[PDB]
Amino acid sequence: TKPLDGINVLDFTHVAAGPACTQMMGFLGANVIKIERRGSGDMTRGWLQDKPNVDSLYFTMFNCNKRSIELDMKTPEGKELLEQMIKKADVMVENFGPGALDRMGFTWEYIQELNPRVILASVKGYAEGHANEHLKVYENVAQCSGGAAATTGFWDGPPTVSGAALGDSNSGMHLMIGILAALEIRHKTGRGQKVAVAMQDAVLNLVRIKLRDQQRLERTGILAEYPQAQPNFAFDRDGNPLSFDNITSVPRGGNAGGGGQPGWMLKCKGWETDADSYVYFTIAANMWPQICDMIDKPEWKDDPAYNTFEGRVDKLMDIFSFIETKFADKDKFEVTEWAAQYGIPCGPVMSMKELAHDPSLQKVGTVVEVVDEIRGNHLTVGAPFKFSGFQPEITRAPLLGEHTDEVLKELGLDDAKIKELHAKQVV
């Protein structure tokens, strides 16, 4: 049916990393119960609101397919309700600060006692055992810790944060792998396990190519395909040349390919007044004769100075800027169309507005309009993985404490004692 039908998730998560994880689990069928702080709830509810006193898109786009119960966990009644909820859980997920769940009495060893089958899943800034394991980390600090900021941006500019969430959402997706892997062994062992993902580690995983380049740099003293190795091309703020005779750590490469097939961000008609009027253009080696046809340079097919990676490696930026002259009267889509004819790897910079309203993305269920008959409908990113056997069924994000009574009734409590919980301000 759905892969995670019948998986009960006890969801302590707030902000983006942990909530990304449990939402996606909900999309694949999981029964997700989100524990929130009394009164305020998850911080994302009040962050970046578009309508005063309505849960922000920060919350709703990260908390569909969930039920909400308010709970003070620093109370003896709270800790007992938790213990019951743990015993009915398949997976516990949390992204509090280091040691926070521990100080609430819920260490991994006490969890194993409560439920031998329950998996504990954590997001933390740094890994257990790291000198920095006790630090609290948000999105951009995480990008800085993992090598991404150092290797993103231009050579004459600062380290640059990525708009893609390398810290939060990426750690949550990585945590989902750990959880599903724990489920795979549990079928063998009949036991739960602790799984943790550090935000620094998740970033380092996406920056595997830069660790490749660090070693290449150490071993050979040069990265020939980098802009800093191109003849008289890269310079710092004072006009000093930037070259590898001076570079001991992977530099920022601007819009360079990043791997074995050179590329660049090329202006298309309208770039002066439209921030996204660009294509990315890749010189794939198997594609060079086709590139020569497209740009009307037949003399470049048989020239050893042009017809191999090695020959072009000292003239990359010359070739890119000449190719770019061909795009001056064409918008990004017609350039993309034109290259597509030759089979050349080329594509548009898609604007957020263009993606938000693209028919193909809605048709495939990657951009989903959520039916929210309380707040009004909104877009979300759906499941990025498509399956032959099932489609996700995305339902609206809960109001704060909307399923508190519904959830307490599922624990076999009666109307009288649940009123005591509201009275004692535990719920």
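Each residue number is its position in the shown sequence, starting from 1.
Across the two stretches, 97-105 and 209-217, the PDB entry reports the greater mean Cα temperature factor for 97-105. Per the PDB record, of the two stretches 239-247 and 137-145, 239-247 carries the greater mean B-factor over its C-alpha atoms. Within the selection 294, 166, 91, 265, the deposited Cα B-factor values reach their highest point at 91.
As recorded in the PDB entry, 116 shows the highest C-alpha B-factor of the residues 345, 116, 311, 259. Residue 62: CA B factor in the lowest third of modelled residues in this chain (values from the PDB entry). When the CA B factors of the chain's modelled residues are split into thirds, the value for residue 382 lands in the lowest one. The entry lists a Cα temperature factor for residue 184 that places it in the highest third of the chain's modelled residues.
The PDB entry assigns residue 278 a C-alpha temperature factor belonging to the lowest third of its chain's modelled residues. The deposited CA B-factor of residue 77 belongs to the highest third of values across its chain.
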